[PDB]
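See structure below.
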Amino acid sequence: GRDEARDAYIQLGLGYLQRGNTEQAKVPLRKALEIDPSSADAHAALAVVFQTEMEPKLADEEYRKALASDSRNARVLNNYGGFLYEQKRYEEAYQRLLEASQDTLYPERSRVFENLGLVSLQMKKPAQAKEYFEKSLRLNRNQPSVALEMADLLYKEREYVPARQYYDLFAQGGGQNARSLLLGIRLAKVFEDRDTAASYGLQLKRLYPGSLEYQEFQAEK
Amino acid sequence: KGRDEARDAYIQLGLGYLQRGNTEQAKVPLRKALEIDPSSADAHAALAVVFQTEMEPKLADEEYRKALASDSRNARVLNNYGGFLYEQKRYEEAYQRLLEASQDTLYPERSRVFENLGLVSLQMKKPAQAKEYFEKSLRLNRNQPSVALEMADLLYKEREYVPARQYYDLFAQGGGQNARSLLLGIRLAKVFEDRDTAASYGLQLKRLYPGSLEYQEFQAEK
């Protein structure tokens with residue numbers, strides 16, 4: 001057929017998937033595949049469908065089919081990498097992410113670098129992780145989640161001043177959690193900021209009354 | 001610290017023998033470096049090319065791996081190893097080592113890393129991907145006739161004659177020419193109705209590569 005039709009069908013499938021209906025999304029995706037059996041995007045969309053229907057082996061197959069095409073696959077590589085990650089296939093996830101990072105035109109390139117840092121952490125390679133988080137920030141400094149990873153790593157290495165800078169950077173994204181609040185409390189205390197320590201503690205004591213962090217906060221309080 | 005001074009010196013002596021073509025002699029100095037520092041990545045790496053040069057792939061592979069055990073992210077060694085893997089036709093592994101090599105953006109020869117990613121892509125039957133890698137290599141180092149030639153060939157095959165010709169001319173102003181490139185230049189001249197070069201290249205080709213498949217095709221007025 002033609003790319004327009006194929007692409008129209010692919011988005012139809014996505015729209016359905018991007019809203020829970022996966023058994024359905026499959027009909028427009030398969031139409032896309034009838035038009036272009038090699039469509040990397042059609043196969044990738046299908047991979048995410050099976051991935052959603054907790055069918056790992058089917059998802060892996062679709063992802064590999066999409067990678068077989070000689071097209072710009074950074075997005076596909078990044079999603080496959082995420083998939084390999086939850087499948088605990090870390091070394092593989094890392095390789096696909098390295099390949100996804102090659103595309104400088106890809107809008108999510110800095111997220112690809114964040115993912116490289118994340119996977120490096122799972123592999124117990126903190127030093128390369130830091131490097132990857134730093135590369136992500138060099139592309140775009142305003143990514144709270146990445147700054148949080150930097151703050152956490154620097155904090156564990158006792159490099160408190162740089163850690164605080166990154167934590168402050170993360171804090172202006174206003175997206176706390178048990179982990180971020182506890183890191184905030186601990187940093188606040190190194191810099192003797194009782195106001196922040198007390199404040200975050202409440203958000204913790206209130207938003208995550210049960211969490212281990214709350215316990216630690218209580219014990220370090 | 002003194003021990004590192006002698007080790008480094010021996011590694012340089014070894015690389016000098018290699019560079020001078022005395023491949024086998026390079027081993028003496030390199031084993032000394034290794035006797036001083038059993039885990040020296042640069043000594044293992046140099047020994048690796050000694051073996052690679054002597055067509056002893058098992059030994060070369062083992063030395064490349066020992067060199068990377070030390071520092072698994074050393075771009076120079078990752079690139080030499082991926083280059084080795086490419087020659088051994090172990091494309092998946094070459095690609096993987098080269099992808100890791102590409103991450104050191106301060107590596108002076110990063111342009112070579114991208115050239116290698118492009119060549120490996122060719123063998124994986126992904127010419128559009130090879131092209132992107134080749135363009136990255138030329139952006140980092142414009143003066144690479146061999147990369148310009150691979151670009152010219154790809155563009156020619158894509159019917160993108162003007163960009164093809166452009167890259168070809170850049171390759172030509174670099175010296176070399178072989179059966180392959182003479183034929184490519186001949187076919188490009190024909191497209192841009194340049195009878196002079198077409199007849200001239202066909203000359204160098206009949207003269208220097210009379211037994212090549214390229215000359216055979218040329219005669220078929222190809």
Side-chain angles (χ1 to χ4, degrees), chain A residues 3 36 38-41 64-78 80-81 84 89-90 92-106 109-110 112-120 123-139, chain B residues 65 68-75 77-79 81-82 85 90-91 93-107 110-140 150 153-155 157-158:
Chain A
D3 294 23
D36 180 11
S38 297
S39 166
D41 290 341
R64 289 171 191 282
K65 291 187 178 180
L67 298 190
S69 132
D70 187 21
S71 46
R72 317 208 68 254
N73 301 328
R75 190 188 54 84
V76 179
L77 282 158
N78 183 51
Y80 186 25
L84 294 159
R89 290 166 59 192
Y90 307 126
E92 283 174 272
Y94 181 72
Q95 277 294 138
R96 279 58 177 75
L97 287 173
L98 278 179
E99 182 170 18
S101 77
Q102 302 300 131
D103 183 351
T104 59
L105 303 171
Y106 185 43
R109 189 166 195 240
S110 68
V112 171
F113 283 113
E114 174 176 20
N115 291 339
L116 280 169
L118 290 176
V119 176
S120 295
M123 295 186 303
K124 297 167 187 169
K125 297 180 175 177
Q128 97 188 2
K130 185 192 296 178
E131 192 182 313
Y132 284 128
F133 294 138
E134 298 177 321
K135 292 175 181 281
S136 175
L137 294 172
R138 290 203 283 261
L139 295 191
Chain B
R65 290 187 198 283
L68 297 169
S70 304
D71 49 6
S72 63
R73 296 192 296 101
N74 181 317
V77 176
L78 282 167
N79 182 56
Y81 185 30
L85 292 166
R90 289 163 63 187
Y91 309 125
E93 295 164 276
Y95 198 68
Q96 293 169 330
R97 299 297 190 170
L98 292 167
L99 282 183
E100 173 69 65
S102 81
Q103 294 308 288
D104 181 357
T105 58
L106 314 188
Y107 178 44
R110 172 153 172 263
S111 57
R112 268 151 44 164
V113 172
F114 285 121
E115 174 181 44
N116 285 334
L117 281 168
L119 293 162
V120 169
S121 290
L122 252 23
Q123 296 313 310
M124 297 178 145
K125 308 317 179 207
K126 285 193 167 191
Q129 182 176 101
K131 183 183 167 188
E132 290 191 43
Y133 281 129
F134 290 139
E135 284 165 346
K136 295 186 203 298
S137 189
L138 288 170
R139 217 187 168 195
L140 294 184
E150 295 303 322
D153 197 38
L154 290 170
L155 297 166
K157 281 179 173 57
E158 283 176 39

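Lettering of chains follows the sequences in order, A, B, ..., and the numbering in each one begins at 1.
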Exercise. Is it the side chain or the backbone of A:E131 that comes within 4.5 Å of chain B heavy atoms, both, or neither?
Worked result: side chain
Problem set entry | Structural part of A:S69 lying under 4.5 Å from a heavy atom of chain B | backbone
For this session: Report the option among B:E100, B:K125, B:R73, B:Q103 that has the most heavy-atom pairs separated by less than 4.5 Å from atoms of chain A.
Result: B:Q103
Problem set entry | Pair A:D103 + A:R75: basic N to acidic O under 4.0 Å | no
For this session: Using a strict cut-off of less than 4.0 Å between a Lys/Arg side-chain nitrogen and an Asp/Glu carboxylate oxygen, indicate whether A:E92 and A:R64 qualify as a salt bridge.
Result: yes
Exercise. Is B:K131 salt-bridged to B:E158, cutoff N-O under 4.0 Å?
Worked result: yes
Exercise. Short question: side chain of B:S137, backbone of B:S111 - any donor-acceptor pair under 3.5 Å?
Worked result: yes
